[PDB]
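These notes concern the structure reproduced below.
What follows is calculated from the coordinates using simple rules that are stated; it is not laboratory data. Every residue, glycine among them, receives a Cβ derived from its backbone with ideal geometry; neighbour counts consider all protein chains shown.
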Amino acid sequence: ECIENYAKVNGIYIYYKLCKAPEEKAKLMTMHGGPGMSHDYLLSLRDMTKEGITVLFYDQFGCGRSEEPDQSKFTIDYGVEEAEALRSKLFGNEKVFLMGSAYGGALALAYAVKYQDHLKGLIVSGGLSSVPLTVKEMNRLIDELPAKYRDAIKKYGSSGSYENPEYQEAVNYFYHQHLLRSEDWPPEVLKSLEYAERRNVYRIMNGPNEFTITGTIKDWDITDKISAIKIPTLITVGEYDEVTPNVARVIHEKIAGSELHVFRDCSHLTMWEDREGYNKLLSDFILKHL
Ligand SMILES: N[C@@H](Cc1ccccc1)C(=O)CCl
């Protein structure tokens with residue numbers, strides 16, 4: 001049982017769940033994806049507490065159980081300041097390892113660019129430094145889909161008929177192929193998905209679904225800045241990840257000494273497709289960089 005509480009950061013109440021000890025060797029801040037999902041689907045990383053890794057989960061502004069600020073603050077830059085503020089008034093000056101998943105990865109990168117001096121290492125899983133490049137790669141994945149689903153996406157997607165039954169069918173197919181290659185999805189993942197739909201962050205910042213980024217972050221691209229990251233960096237990406245290894249690669253080319261690990265038979269949520277392998281890899285990376 002981890003410690004759960006509300007923390008008032010930039011004027012709002014942000015929910016966080018801290019799982020630590022025994023014999024804590026390091027702390028790990030985690031940034032769920034979306035934008036607009038929740039920490040819930042990242043819960044499998046809890047397996048690293050028995051490896052001496054203290055894991056910190058938290059719902060970003062307007063996500064899960066956290067309240068949302070003024071819509072004018074629905075940006076990655078604010079997410080960065082929120083993140084630092086949380087780290088500060090929870091761990092103080094202590095340096096920590098930051099892990100970001102998907103959008104969380106993007107956020108982690110934006111964070112590192114400005115506050116890498118507060119970190120000992122950075123982990124990006126299915127992350128990205130450029131939304132446009134991510135869009136491009138996803139369109140390719142959509143083209144590789146069977147004509148039926150590929151046509152329903154362009155057909156109903158161009159008219160904004162995201163509620164269409166044929167479209168939703170194409171979405172599920174794509175997800176079972178690039179989001180989670182499993183038939184029996186865990187409650188944690190499903191809860192993050194439900195949170196995305198029920199709140200307003202995903203809709204505004206991201207868009208309708210995973211591969212339809214019509215949100216306010218559609219032009220975001222810090223590929224040029226991420227080259228300043230001078231800390232141990234681990235980059236993981238699923239073989240069939242919706243955020244392709246091509247996107248992962250671009251981040252790998254930018255961060256010197258960074259490592260890239262492409263999980264076989266895995267897609268986006270590699271923490272559930274290969275839970276042990278994923279946690280083992282992160283555990284080893286963290287433990288060899290104290
Ligand atoms: N929707 C994914 C990845 C993504 C983010 C932002 C734009 C496009 C794609 C994430 O953030 C959820 Cl796990």
Quick check on the range 192-199. Is at least one of its residues hydrophobic (A, V, I, L, M, F, W, C) and more than 10 Å from the ligand (Cβ to nearest atom)?
no
Quick check, is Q60 more than 18 Å from the chain's Cα centre (by Cα) and touching a residue at least 12 places away in the same chain (Cβ under 8 Å)?
no
Give all pairs with beta carbons closer than 9 Å in which a residue from the range 277-290 that is in contact (Cβ under 8 Å) with a residue 40 or more places away in the chain meets a residue that is of a type in the set (S, T, N, Q) and not in a helix (DSSP H, G or I); count only pairs at least 6 apart in sequence or on separate chains.
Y278/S125; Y278/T236; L281/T236; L282/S125; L282/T236
From (1) in contact with a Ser or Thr (Cβ under 6 Å, 6 or more places away or on another chain); (2) over 21 Å from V189 (Cβ atoms); (3) without any contact (Cβ under 8 Å) to a residue 60 or more places away in the chain; (4) crowded, with 19+ Cβ neighbours inside 10 Å, pick out the condition that doesn't hold for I251.
(3)
Answer yes if at least one residue in the range 109-122 is free of Cβ contacts under 8 Å to residues at least 40 places away in the same chain, part of a helix (DSSP H, G or I) and among the small types (G, A, S), and no otherwise.
no
From the list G100, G127, exactly one residue is within 16 Å of the ligand (Cβ to nearest atom), assigned to a strand (DSSP E or B), in contact (Cβ under 8 Å) with a residue 60 or more places away in the chain and under 30 Å from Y175 (Cα atoms). Which is it?
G100
Restricting to the range 221-245, give me the number of residues that are buried (at least 22 other Cβ atoms within 10 Å of the Cβ) and closer than 30 Å to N164 by Cβ.
5
Is there a residue being part of a helix (DSSP H, G or I) and touching a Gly at 6+ places or on another chain (Cβ under 8 Å) anywhere in the range 138-158?
no
Please return the ranges of helices (runs of 4 or more DSSP H) entirely within the range 184-290 where 3 or more residues are closer than 17 Å to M37 by Cα.
187-198, 270-273
In the range 230-269, which residues are more than 13 Å from the ligand (Cβ to nearest atom) and among the β-branched types (V, I, T)?
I231, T233, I235, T236, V250, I251, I255, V262
Go over the candidates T236, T216 one by one and state the one that is more than 15 Å from the chain's Cα centre (by Cα) and either free of Cβ contacts under 8 Å to residues at least 24 places away in the same chain or closer than 23 Å to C63 by Cβ (or both).
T216
Only residues that are under 18 Å from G127 (Cα atoms), out of contact with any strand residue (DSSP E or B) (no Cβ under 8 Å at 6 or more places or on another chain) and not in a helix (DSSP H, G or I): list them for the range 28-85, please.
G34, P35, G36, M37, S38, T75
Quick check: anything in the range 69-87 surrounded by fewer than 19 Cβ atoms within 10 Å (Cβ to Cβ), within 16 Å of the ligand (Cβ to nearest atom) and more than 19 Å from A196 (Cα to Cα)?
yes
